[PDB]
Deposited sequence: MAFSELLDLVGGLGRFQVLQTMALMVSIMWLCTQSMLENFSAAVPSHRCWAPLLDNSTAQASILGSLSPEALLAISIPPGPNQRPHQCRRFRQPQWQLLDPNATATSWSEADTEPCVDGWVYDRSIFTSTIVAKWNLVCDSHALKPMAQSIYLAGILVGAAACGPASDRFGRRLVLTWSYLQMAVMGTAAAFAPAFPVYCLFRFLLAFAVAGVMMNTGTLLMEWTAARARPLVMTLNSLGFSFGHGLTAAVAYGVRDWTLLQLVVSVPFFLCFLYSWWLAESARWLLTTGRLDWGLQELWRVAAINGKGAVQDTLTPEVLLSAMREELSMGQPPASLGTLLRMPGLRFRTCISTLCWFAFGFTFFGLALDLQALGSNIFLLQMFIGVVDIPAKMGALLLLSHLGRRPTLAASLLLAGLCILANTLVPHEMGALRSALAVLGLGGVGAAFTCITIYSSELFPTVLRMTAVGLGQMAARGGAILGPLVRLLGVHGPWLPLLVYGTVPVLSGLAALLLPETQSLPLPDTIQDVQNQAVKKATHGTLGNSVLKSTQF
């Protein structure tokens, strides 16, 4: 039925967005003896934190350096500011402490994802998306040979097992492998859902595609409340994977109660489609995974993203039916690109405006995804329609490369967002040439 696949391409969105909350990095500082030892450290904890940790980014105490000896020269206003030397610091050998106000436990606070290993979280997202790519590439022959229902049930069981395992992962590589297998099963379920919704009913293909997109949006909106309700990432993953264990009951229906010509032929349309899919993947899996910097409140940001993406992807079908495929797609791409660029243009103090621009950009890239999905069914004739598979593969590759460009934040906090805003502009300018 349609409602079952809607629930199960919600919970998939919930599982995908769980990385945006479980991998969130709270405000952390170096473990200092004058702040975490017994009472003998003494009053005025702010002064102790200032004299125990040097300043860093955003005029805040350095999250990566600690003073070996208390520098009393910094607290006295009669002494000059920034008088300490670099040799007085240490590379945080004693460890780090994290703020338990917003999140009680995360994968960053558990395995100490700090500046020395800050690339692990984008590397974790890249490994997750690589597992998605591997699953989407492998489940093809599996679904073609063993049947779609068998591979669907196996992928559901694998999802549940890997979620339950990652909810209690003792090490970082073990958690990475668990996420890799979970992404394999996620991509299997995604491919099965797509290939089933493409030919179950269909004239109603755009209608069922927009229904699946609205289900995805419902999942986007529900995962925010789920993360707001559960402050522990372990219990969060547990209660997110439990619905898959419940949906596993539908196995076996309650127990019975090649195509390489896409490159030479229509090469222009092919490369344009792969470029749009790559751009969509890039922006979506680079922006939806770092919502902490795009707004002030991650839960409210995701809620607004969902509540504004619902009508956007709703009216996307009206726009496609009235104005056409190419013009509305180019318009949505250019709008998303301009919004993400203005998100870097606006100062960081305008948090509400930054959040609104992020929501608008996410709605625009979702509308662009809907538009390219509708357009892929008509860009190529029936004799060439694995063009859609190549487009999805290019989108998954762009997704994989997504978190890898986030490492450019060392050279500047706007460079990843600058790329995420510049790519859709060129994507729309290239799609404007479509027939």
| property | result |
| --- | --- |
| Segments lacking C-alpha coordinates (deposited sequence numbering, starting at 1) | 1-19, 62-66, 227, 283-337, 466, 517-553 |
